[PDB]
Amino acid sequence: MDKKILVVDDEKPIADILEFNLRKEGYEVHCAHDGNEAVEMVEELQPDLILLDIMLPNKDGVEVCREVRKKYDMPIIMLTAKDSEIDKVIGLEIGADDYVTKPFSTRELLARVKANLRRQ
């Protein structure tokens, strides 16, 4: 039973590199490119962790996080820019469990995903 990860990002390039490296590490990965699709997939897939771009189609990252939390407790990691402090802080305030700044190394990505899947 491979851990299931939902990558929610509209930047095909970054989204695809996340999928490449996670599958390579042995995760079962699914991708969503907009909020609605994500919330949809979340229910009929129930991923063990969601990687969520905070800047989806208009603040949707925060809104996606809020909706999902209205019914699910799985770890959510926000993907944010390096130069905005508020983008990093806001997610943890509304239900997300962690954040990772771009650009990020594969080493950081995998460590963050595993640490969050195994959080006490």
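Counting begins at 1, following the sequence as shown.
*Once you work out the mean C-alpha B-factor for both 86-94 and 25-33 from the entry, which is higher?*
So the stretch with the higher mean C-alpha B-factor is 25-33.
*asked:* Using only C-alpha atoms and the B-factors in the entry, which stretch averages higher, 71-79 or 43-51?
replied: Looking at the record's C-alpha B-factors, the answer is 43-51.
*Lowest, middle or highest third of the chain for the C-alpha temperature factor of residue 107?*
Its C-alpha B-factor, which the entry lists for residue 107, ranks in the middle third among residues of this chain.
*Chain-wide C-alpha B factor ranking for residue 8, given as lowest, middle or highest third*: Tercile = middle for this residue's CA B-factor.
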